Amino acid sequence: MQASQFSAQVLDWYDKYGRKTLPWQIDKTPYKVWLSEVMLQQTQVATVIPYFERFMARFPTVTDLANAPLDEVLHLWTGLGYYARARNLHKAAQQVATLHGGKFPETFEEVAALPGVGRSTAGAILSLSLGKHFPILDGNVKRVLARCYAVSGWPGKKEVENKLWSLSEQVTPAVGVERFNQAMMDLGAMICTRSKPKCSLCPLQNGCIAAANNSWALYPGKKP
């Protein structure tokens, strides 16, 4: 499907059905988007929301998080699993307090230099909170693009992951990037699911190659 048609259909879909009232979209900031991206990495949204709210009440700024004892951070994380995320979260807050005056960095290289933050998390923080023109590629997004454009192969191989980053760059627009990147997370979470995707509710169904051939189970490829 042509890229300009892809982005316009995703944006029109988000206008009419999209998630717009999550706590981190009210009065968005880079701090709020970073905290939400780290909690969502290995946890589903319904579980994350109460934890996000308790972390913003206790730590209203990144300096408050940096100055707190690591044990108080681990105690509030209890129940989220995957505690390396919490240890990296605290070190990253200390780096922002120490190197950047307590203000969350706004350039890609400085954001991705934080522990716990990779290439997709960095572009999510800067596109969603400030409107910068960066694409994302988490597991939800990988599945939508690999099925729409029939990208087989395991994304654990570099050549395959690079093909997926190039497709995400191509379909991600500059006008409406904040809406588009949230919409691709929503589609991958709620519509183009791992098992039996809901293609009749998908705004890409008229041009998706997997839907034309009922071949969604081939994309992305699995570990060989």
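Numbers follow the displayed sequence, beginning with 1.
Higher mean CA B-factor, judged across 193-201 and 178-186 from the recorded values: 193-201. For the segment pair 53-61 and 25-33, the entry gives 25-33 the higher mean B-factor, averaged over Cα atoms.
The maximum CA B-factor among the listed residues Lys142, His90, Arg119, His133, taken from the PDB record, is found at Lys142.
Within the group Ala146, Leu126, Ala97, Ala113, the record's highest C-alpha temperature factor is found at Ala113.
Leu70: CA B factor in the middle third of modelled residues in this chain (values from the PDB entry). In this PDB entry, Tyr83 carries a Cα temperature factor that places it within the middle third of its chain's modelled residues. In the deposited entry, the Cα temperature factor of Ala46 sits in the top third of values across the chain's modelled residues. The PDB entry assigns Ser166 a C-alpha temperature factor belonging to the lowest third of its chain's modelled residues.
Among all modelled residues in its chain, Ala211 ranks in the highest third by Cα B-factor.
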